[PDB]
Amino acid sequence: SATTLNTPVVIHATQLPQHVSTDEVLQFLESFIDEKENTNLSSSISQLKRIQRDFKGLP
Amino acid sequence: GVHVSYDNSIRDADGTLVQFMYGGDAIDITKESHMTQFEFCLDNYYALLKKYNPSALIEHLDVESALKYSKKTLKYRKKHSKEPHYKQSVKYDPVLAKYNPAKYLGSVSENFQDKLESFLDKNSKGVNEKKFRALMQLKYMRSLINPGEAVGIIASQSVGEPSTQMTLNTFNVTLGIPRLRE
Amino acid sequence: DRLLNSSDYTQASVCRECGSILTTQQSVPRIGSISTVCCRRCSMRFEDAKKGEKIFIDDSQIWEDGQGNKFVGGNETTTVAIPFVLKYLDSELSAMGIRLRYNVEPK
Amino acid sequence: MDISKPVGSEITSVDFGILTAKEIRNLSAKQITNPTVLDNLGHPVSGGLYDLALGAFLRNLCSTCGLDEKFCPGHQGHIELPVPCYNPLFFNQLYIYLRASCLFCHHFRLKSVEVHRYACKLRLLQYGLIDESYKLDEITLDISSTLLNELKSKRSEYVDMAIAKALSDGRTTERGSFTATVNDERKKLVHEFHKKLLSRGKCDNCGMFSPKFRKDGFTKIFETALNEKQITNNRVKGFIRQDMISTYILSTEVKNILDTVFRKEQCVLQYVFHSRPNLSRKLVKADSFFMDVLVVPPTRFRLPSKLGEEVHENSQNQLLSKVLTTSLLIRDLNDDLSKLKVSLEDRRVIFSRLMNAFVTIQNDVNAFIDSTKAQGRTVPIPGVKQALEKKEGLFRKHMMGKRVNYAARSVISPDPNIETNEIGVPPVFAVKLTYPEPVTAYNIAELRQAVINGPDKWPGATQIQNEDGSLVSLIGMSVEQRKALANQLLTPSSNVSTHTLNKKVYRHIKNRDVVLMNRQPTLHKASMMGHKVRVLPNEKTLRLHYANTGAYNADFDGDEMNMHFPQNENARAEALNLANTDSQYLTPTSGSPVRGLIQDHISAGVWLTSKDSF
Amino acid sequence: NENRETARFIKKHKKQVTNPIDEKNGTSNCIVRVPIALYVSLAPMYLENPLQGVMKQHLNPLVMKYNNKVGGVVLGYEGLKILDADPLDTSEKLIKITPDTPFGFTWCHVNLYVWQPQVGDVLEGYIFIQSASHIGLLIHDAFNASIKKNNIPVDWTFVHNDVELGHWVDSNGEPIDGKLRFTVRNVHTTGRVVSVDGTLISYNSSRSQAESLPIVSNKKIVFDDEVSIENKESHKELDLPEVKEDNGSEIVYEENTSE
Amino acid sequence: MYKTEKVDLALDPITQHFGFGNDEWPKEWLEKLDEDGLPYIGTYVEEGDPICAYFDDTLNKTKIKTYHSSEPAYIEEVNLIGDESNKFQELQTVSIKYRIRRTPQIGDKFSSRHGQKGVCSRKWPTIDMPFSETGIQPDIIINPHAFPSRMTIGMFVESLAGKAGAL
Amino acid sequence: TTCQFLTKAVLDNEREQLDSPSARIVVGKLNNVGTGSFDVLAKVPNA
Amino acid sequence: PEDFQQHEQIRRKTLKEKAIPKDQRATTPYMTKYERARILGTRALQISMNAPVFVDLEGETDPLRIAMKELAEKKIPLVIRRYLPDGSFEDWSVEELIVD
Amino acid sequence: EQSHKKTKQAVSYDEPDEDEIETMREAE
Ligand SMILES: [Zn+2]
Ligand SMILES: [Zn+2]
Ligand SMILES: [Zn+2]
């Protein structure tokens, strides 16, 4: 927990954050979930699937 | 801080230059022993030729640039032999000043050059006088002080450690440690 | 190995913003929150942080000490491997009013 | 040092500066006001040197970071000085600037054009350009102000151009070039500047004389009254003032004189106090030479020394308590001063009370920093300067040299049956000296046995380090637990935060290990070589071969040798390929051998190689 | 110089990019793409596959968790690129190794998709639970949100459920629908899971310095409930010493005399 | 090697008393000390073992003076001395003598009466030792390379004189 | 004269570049002589 | 965000300015005694942290002897960054450097 | 005298407390 091999030394935003449309978010989610599904990461994908589900349907 | 840099010069901890070359020839003292023992090296030609394996080096070095220059400096040196040091030619400076000893076969100290050439003249003896010259040129190349070597500490240790042997009194001029302190 | 590794090698917290080992401290967290290394020098007293329009602190910038005082900032802290005598030296030099600034990379 | 614990950040450079009073007040964990250290019953008194805000003390948790005595790093505090004090280390300097300044126009008594000449030369020297600093002296046109201001303009023009020209090329960076020769030229100028500054008697700007300042051994300044020739000089130059619109001197008066002088002469002092250009653009203030506060180091560095049963008070706390008593006393004197006043006339007493208050706190401040600057008390307590220079000094005794872990000492005994590159290690040392060997697929078999063997059977293991960072001692455990832990060495890490890591086994020193053999005095690097460990059973002494006798200059007349056991592979490789014995056959002094056989072997050889020997 | 020093602090806490309300939805877009630069460690086990290293080691524990620097919750990463320590075409790059350990350290470039919800932002959530003092919600059915009793309108009245729980009734006099629209009052990062403190009620309220004068009655409700929560929590896991009198009698602490 | 220690109780009212206090008694101390609190003369002691026992009323606890040295010993002599008093007599001073056995160890120095000192390099077995025609193996072996530099010829004549006188 | 050289350093507002063997030992940095006269970098195959 | 992009640009610009190209490099083609020592030590350190080994360790348990075997077959995937007194450098691979 | 030097682990190099201290008794 909070070590050099666990967390990075520094994180810096190289540019200002650019907003993305509902369709771009959904296109990214589908691309990310498919690539990661292909150990504790599984629980995060489980939560990510709920966001993707909300951006097009109802829970 | 004083050590050998990758550019063969003797530099201090802060990068300030102390010497342009170690003793003016860049030779490691722990190697400069049989480097003048030419008869020894000749009797062990094939043994040393196998030691200083040149087959894996011939593609990484230059075999003529320094050797040609060495003749040009020897030419002007012989011209002003009887002439004094202040009247000597300053046209061509030493081969070590112009060519890296670890990259050019022949960029050897003029002291080594004079000693090696004198041996080949005074001793006419299946080893040719030309192939032996190359082996000794290669031996000098392999006798160079390694970049990073702490020549500073080594020097003070080389003056300090034997100055313990001169703690005893005289058996007019100041001697031993008091003179060294002066 | 002799003069550091097998003597007084200590992985110590340092603030990249002011370059010091003595101002850094572990923050006191709430029941659910986690403790974070924070710099006492670079951090501002919560009440003193006053205000174009009003700005809001991102929550992750507010830390609390054992005395219960809230602070804003002083989160640009990292870890460096140093001899412990350095920490004692810096401490002694600080008594004399002398400040050592350790420039730490990456920034 | 742990290879499982890498560090991503590193210190590239250290900057030397002075702590400001405003800076200390903000970082401070608690204000120290009480001279007592403990309340009744045994708890630390609030506002005292042992306050829990300065860190965990007496099985209590820290009141700043909340951690216990082990994990708490300790926290800095501060003492509020009721009156400013001269910082002992910088007194000599503030004294130089006090004697060098005019008490009327509040400029240095040296002519402005001459001062600017030094500022110019010192600015050009912030960058590596000495030739240009000398070329400035060539710039030349009782002299009118319109003419002298043109000289200052032409000189400033050359300085700005010479910097920009050298900055365009690779001659100097924005941070400025700094060499030893550059440093030599700077040191020469800063000396010459102070020499010219102190030499002037009558101020070159306004022709009025200033009263000379004298000093004693302790930090205290006096003002010598002007002579009748100089008093009449003040009168005749008194009218020109209107058209434009021995006695002790207090610390406040000196600070106030230097305050205006450091403002009015800021341009030169900017380069006098900065070795390289001042990119931070910080103002050079006089209050850097003065102390309005004192930092209280953490309780961690002021713990009471325990010798057996007796628990002795820390000497720093004693000196700090003295500063606290005087501060409370001056707070009362200033409170009584605030009360009353209509009745005055005899003001020789109120100044006498003030002089005592100032000289007493100053002495207490001095006693804490540098004892050899404090008054004699009927051996004194050492100051922080004395702490850094106790004998050889903190730098020599605890930085350049250190006592080390994983090392042993023993009388050396001769041995011709071990290799010339080996050392005979007694089994006593072999069962105590361990190496942190990370468990892998290629060495799981070797380490499992070591774990089973334990800390008393060689080749064994004293401890096992898990991938979570924790340690499991094998010392108290029986063969049953050790067998169970050995079958748990190559188990995969469940935690994703430590999957990168693998367990470590703190295994006994084996016969494949490197050791650093040392025989003092270490007059040359051959007296510290790398030897191959050879554990010899039923031994109580370090066994050494006769070939090593020369290099160490060690005779087996009851001599002692130090054995160092490096704890990582980079240190191993170095002791096996660079500092190893075999690579030390020839000394670098003359390139001659320092290794060979000594007595029996020489006599044996003359007989063995003889013609008669068949 | 009086305001020049304070000006640097304002720019440190200044919101870089604000979340805009669009498409007549009334809700503000909080998902944003931000390209970042990391300085990460590389394990020796990943020396033949370094990109998998940077991913499994530092980028994977980063997703579905709030990152202070980007000012939001990392929903994922896109396009990982290792910066070569050697300035140069090939896939073979080099990374600098620490002198002390076998671990290497490198600069990395990756684009992060983060959920960045600032205060004042209008968001929608599905009502999870609804107690007498708070209303539990879920933003995108993954992010926790809560509206405290004081942040709920005065006109609204809570009703307790009898025989299996409770329900809140709005100003009109009807129960509240599954999805609820609220404004962001505060965002709590420090904790385990990101929790959004929301408001359902919203400068020139001064009537001869009346705005400056606080209504003690209203200021009490928000302070008492805050203290009551803090004190009840501090009493959880509180070990007190067992006191035995000089008779052999244990002193038992119980406010209620009878059973 | 014999070493003597003085256990004095002085640090005017007597507080520390030689012996053992009632009700308080830490486990297995009676193995080293007798009923009087003094140790049994002949007992083997290591560092940490109790060398004497007493009771001080100021702390109301039974304390012991520990024996501490790297070399273990045996008690040779225990003497109780109750002097510097006329009629009010009570023991406070006791002198304890330790007998430390010292066998010749590798490192110990040995020398002839000719200034030829040398450290014990090893204790060589008689089977591995060179054996004479007579059937005698030397007690001590001196290396011949010692004599050419020292020039201790007195030892050389001492060798043939000692042999002649033994026969 | 540790405190004397320290005073001179502070007054110069000096930056210790940590390039001398002594300075490196003070701050726990690897000495720039011999094995410390270069850097070791690992060749990684994946882009 | 804007101030970091400039800092990164300067950092990478200075790096490129110091790098001596493969053709312009003029140091010894031989691996120094110090380079060999560090390479063997660092590679041994990597081997002990379960790093992919490119040699057949026929019953070898010492990581240094494994690192020595990898050096003999020039399978050590390391690079030496030879620094000059101005800060400039020459990147030399373990493979191309000549070993005695 | 040599029995004490035998066990002492030196802080630094010998010491200048001899003639060197009287030679160092001269200012610039
Ligand atoms: Zn800071
Ligand atoms: Zn603390
Ligand atoms: Zn004036």
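With ideal geometry, Cβ positions are generated from the backbone for all residues, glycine too; neighbour counts draw on all protein chains shown. Rule-based calculations on the coordinates, nothing more; no lab input.
Things to note:
- Of all residues in the range D:14-30 being touching a helix residue (DSSP H, G or I) at 6+ places or on another chain (Cβ under 7 Å) and within 16 Å of ligand 2 (Cβ to nearest atom), the one that is nearest to G:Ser20 (Cα to Cα): D:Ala29
To keep it simple, each residue is scored yes or no on (1) outside any loop (DSSP other than H, G, I, E, B); (2) surrounded by 14 or more Cβ atoms within 10 Å (Cβ to Cβ).
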| residue | (1), (2) |
| --- | --- |
| B:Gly1 | no, yes |
| B:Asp7 | no, yes |
| B:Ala13 | no, yes |
| B:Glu32 | no, yes |
| B:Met35 | no, yes |
| B:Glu59 | no, no |
| B:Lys68 | yes, no |
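- When the range D:382-412 is filtered for residues that are closer than 29 Å to D:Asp559 by Cα, surrounded by fewer than 17 Cβ atoms within 10 Å (Cβ to Cβ) and polar (S, T, N, Q), only D:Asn405 remains.
- Test: residue in the range H:62-77 that is within 9 Å of chain G (Cβ to nearest Cβ), touching a strand residue (DSSP E or B) at 6+ places or on another chain (Cβ under 7 Å) and either closer than 13 Å to H:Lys22 by Cβ or exposed (fewer than 13 other Cβ atoms within 10 Å of the Cβ) (or both): no
- Selection status of E:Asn25, outside any strand (DSSP E or B), away from chain H (no Cβ under 14 Å) and touching a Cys at 6+ places or on another chain (Cβ under 9 Å): no
- Matching strands (runs of 3 or more DSSP E) fully within the range D:472-589 where at least 1 residues are more than 27 Å from F:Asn143 (Cα to Cα) and of a type outside the set (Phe, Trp, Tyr): D:504-508, D:514-518, D:528-535, D:560-564
- Residues that are among the hydrophobic types (A, V, I, L, M, F, W, C) and either within 21 Å of the chain's Cα centre (by Cα) or under 30 Å from C:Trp63 (Cα atoms) (or both) within the range E:144-202 comprise E:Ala145, E:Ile147, E:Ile152, E:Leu180, E:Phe182, E:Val184, E:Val187, E:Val193, E:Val194, E:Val196, E:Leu200, E:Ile201, listed in sequence order.
- Here E:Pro61 does not fit the description of being within 7 Å of another protein chain (Cβ to nearest Cβ), under 30 Å from H:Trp92 (Cα atoms), in a loop (DSSP other than H, G, I, E, B) and of a type outside the set (D, E, K, R).
- Test: residue in the range C:3-19 that is more than 10 Å from chain D (Cβ to nearest Cβ) and either closer than 23 Å to E:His13 by Cα or surrounded by fewer than 19 Cβ atoms within 10 Å (Cβ to Cβ) (or both): yes
- The range C:41-73, residues that are closer than 23 Å to C:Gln11 by Cβ, at the interface with chain E (Cβ under 10 Å from one of its Cβ atoms) and not in a strand (DSSP E or B): none
- Filter pass, C:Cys38 being surrounded by 16 or more Cβ atoms within 10 Å (Cβ to Cβ), within 13 Å of ligand 1 (Cβ to nearest atom), within 14 Å of chain E (Cβ to nearest Cβ) and not in a loop (DSSP other than H, G, I, E, B): yes
- Of the strands (runs of 3 or more DSSP E) that lie entirely inside the range D:247-338, those containing 1 or more residues that are in contact with a helix residue (DSSP H, G or I) (Cβ under 7 Å, 6 or more places away or on another chain) span D:290-296.
- Applying the set (1) more than 7 Å from every other protein chain (Cβ to nearest Cβ); (2) among the small types (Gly, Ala, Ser); (3) more than 28 Å from E:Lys14 (Cα to Cα) to A:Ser44 leaves exactly one unmet item: (1).
- Only one entry in B:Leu120, B:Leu116, B:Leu74, B:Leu48 is under 18 Å from the mean Cα position of the chain (by Cα), within 13 Å of B:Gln137 (Cβ to Cβ) and not in a loop (DSSP other than H, G, I, E, B), namely B:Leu116.
- Selection status of D:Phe239, away from ligand 1 (no atom under 16 Å from the Cβ) and surrounded by 16 or more Cβ atoms within 10 Å (Cβ to Cβ): no
- Set side by side, the residues D:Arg214, D:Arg276 differ, and just one is more than 16 Å from ligand 3 (Cβ to nearest atom) and within 14 Å of another protein chain (Cβ to nearest Cβ), which is D:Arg276.
- Condition check for D:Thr33 on (1) over 30 Å from B:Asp14 (Cα atoms); (2) assigned to a helix (DSSP H, G or I); (3) away from ligand 2 (no atom under 16 Å from the Cβ): one failure, at (2).
- Of all residue pairs spaced 6 or more apart or on separate chains, those with beta-carbon atoms under 6 Å, a first member in the range D:48-65 that is within 12 Å of D:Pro297 (Cα to Cα) and in a loop (DSSP other than H, G, I, E, B) and a second member that is more than 16 Å from ligand 3 (Cβ to nearest atom) and of a type in the set (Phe, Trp, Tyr) are D:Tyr50/D:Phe57.
- Subset of the range D:103-127 [more than 36 Å from the chain's Cα centre (by Cα) and either more than 16 Å from ligand 3 (Cβ to nearest atom) or buried (at least 23 other Cβ atoms within 10 Å of the Cβ) (or both)]: D:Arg109, D:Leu110
- Screening C:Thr23 on (1) more than 24 Å from D:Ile369 (Cα to Cα); (2) at the interface with chain D (Cβ under 10 Å from one of its Cβ atoms) shows it passes everything except condition (1).
- Tally, over the range D:53-89, of residues that are hydroxyl-bearing (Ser, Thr, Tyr) and either more than 10 Å from chain C (Cβ to nearest Cβ) or more than 16 Å from ligand 1 (Cβ to nearest atom) (or both): 2
- Taking the range D:422-468 as the range and being within 14 Å of chain H (Cβ to nearest Cβ) and over 15 Å from D:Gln488 (Cα atoms) as the test, the residues that pass are D:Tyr435, D:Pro436, D:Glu437, D:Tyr442, D:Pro459.
Listed here are the residues, each with its yes/no results for (1) under 29 Å from D:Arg123 (Cβ atoms); (2) of a type in the set (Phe, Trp, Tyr); (3) touching a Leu at 6+ places or on another chain (Cβ under 6 Å); (4) within 16 Å of ligand 2 (Cβ to nearest atom).
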site: D:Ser210; (1), (2), (3), (4): yes, no, yes, no
site: D:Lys220; (1), (2), (3), (4): no, no, no, no
site: D:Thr232; (1), (2), (3), (4): no, no, no, no
site: D:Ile249; (1), (2), (3), (4): no, no, no, no
site: D:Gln266; (1), (2), (3), (4): yes, no, no, no
site: D:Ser275; (1), (2), (3), (4): yes, no, no, no
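- Residues in the range H:78-87 that are within 12 Å of chain G (Cβ to nearest Cβ) and surrounded by fewer than 15 Cβ atoms within 10 Å (Cβ to Cβ): H:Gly87 alone.
- Among (1) at the interface with chain D (Cβ under 8 Å from one of its Cβ atoms); (2) crowded, with 19+ Cβ neighbours inside 10 Å - the single one H:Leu57 does not satisfy: (2)
- Where D:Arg377 falls short, out of the listed (1) out of contact with any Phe, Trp or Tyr (no Cβ under 9 Å at 6 or more places or on another chain); (2) within 23 Å of D:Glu80 (Cβ to Cβ): (2)
- Boolean, F:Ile64 is outside any loop (DSSP other than H, G, I, E, B) and in contact with a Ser or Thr (Cβ under 9 Å, 6 or more places away or on another chain): no
- Residue selection: E:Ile139 satisfies the criterion of being aliphatic (A, V, I, L, M) and over 30 Å from G:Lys29 (Cβ atoms).
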